[PDB]
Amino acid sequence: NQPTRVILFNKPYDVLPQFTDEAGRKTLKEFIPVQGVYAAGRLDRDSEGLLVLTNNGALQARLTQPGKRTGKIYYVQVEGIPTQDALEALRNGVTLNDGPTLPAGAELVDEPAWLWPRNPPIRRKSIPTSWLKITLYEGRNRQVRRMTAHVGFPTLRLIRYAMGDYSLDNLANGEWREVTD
């Protein structure tokens, strides 16, 4: 039948997680000259980082089926310096307009050594920023951005480092690699 194709991509900012043309927007066609693969877990246009692309239904389901509790690790740049109480809330649960969140990982971290510049750069001189490592097991709309804002520390930049088995290890922004066996 259809030979399996699995590709990992480090998605740039302002690129859609798709191959289909979308008027006025940049897509994966500019980066990955492969047809027939699509996202196993879409990553927002204004997010960056790990995108898994495949043609295989089993893998798609494994990674995306609602309720599968697929783990995702994000590095998030936020305004201010989150308090211990705020981080505890992120770990335990907050209630968004669509309901409570599941328990999560949330830790204050150093700016990652592997970070690349964003073009354009983030959104101020007199206000510090911080980095969080957030580990989620759900995939609701703009979830990390909504959670951080909820507890008082809006997101400026969002990078998905890992999803399921996969990570960005050794993948520059805009680069892809094939996963084979």
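Just count from 1 along the sequence shown to find any residue number.
A chain break between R69 and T70 is not present, all residues of the deposited sequence in that interval being modelled. Remark: stretch with higher mean C-alpha B factor among 147-155 and 110-118 is 110-118.
When the two stretches 71-79 and 96-104 are set side by side, the higher mean Cα temperature factor goes to 96-104. Of the candidates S47, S126, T54, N141, the deposited coordinates give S126 the top C-alpha B factor. Out of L63, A39, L136, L132, it is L63 whose C-alpha atom has the highest B-factor in the PDB entry. Per-chain ranking of the deposited C-alpha B factor places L59 in the middle third. Sort the modelled residues of the chain by CA B factor and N170 lands in the highest third.
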